[PDB]
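Below is one structure, written out as structure tokens; comments come after it.
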Amino acid sequence: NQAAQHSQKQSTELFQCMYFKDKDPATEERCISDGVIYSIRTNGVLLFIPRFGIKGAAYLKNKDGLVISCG
RNA sequence: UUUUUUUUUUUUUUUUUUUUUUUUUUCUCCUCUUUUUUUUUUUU
Numbered sequence: 844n845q846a847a848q849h850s851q852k853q854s855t856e857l858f859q860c861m862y863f864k865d866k867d868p869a870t871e872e873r874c875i876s877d878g879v880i881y882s883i884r885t886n887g888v889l890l891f892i893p894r895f896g897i898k899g900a901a902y903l904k905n906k907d908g909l910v911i912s913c914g
């Protein structure tokens, strides 16, 4: 049963990964999401998507230390 | 008015046999980063 569990989890992750496949995310209106947080880490705060349901740790600090501002 | 003679197609057939796919090289080798590892639950 635990193996089955892992199967559903990584199968669905892969199915979502192809939702974000090659078909150009530049002109099809399937690009912008929203975001809340739930936990702080030392390079990027953990993000969440209420409209799809995906998680993942992002980064504010980038490789060249070129940290973000906004206009 | 122009007779007579000068051989031709090698002889032979009534011999035994108890093996067996292939076949014969090439060295040691830096796997990058949010984690502990999540977990009940219900609709197949």
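If you read the first sequence in PDB author numbering, its first letter stands for residue 844, the second for the next number, and so on. A virtual CB, placed ideally from N, CA and C, is assigned to each residue, including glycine.
- Here DSSP, grouped into helix, strand and coil, assigns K852 to helix.
- For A900, the beta-bridge partners assigned by DSSP are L889.
- Separation of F895 and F858 (C-alpha to C-alpha, rounded to the nearest whole angstrom) is 12 Å.
- Here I880 is bridged, per DSSP, to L890.
- DSSP places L909 outside both helix and strand once states are collapsed to three, so it counts as coil.
- Assignment of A846 by DSSP, reduced to helix, strand and coil, places it in the helix class.
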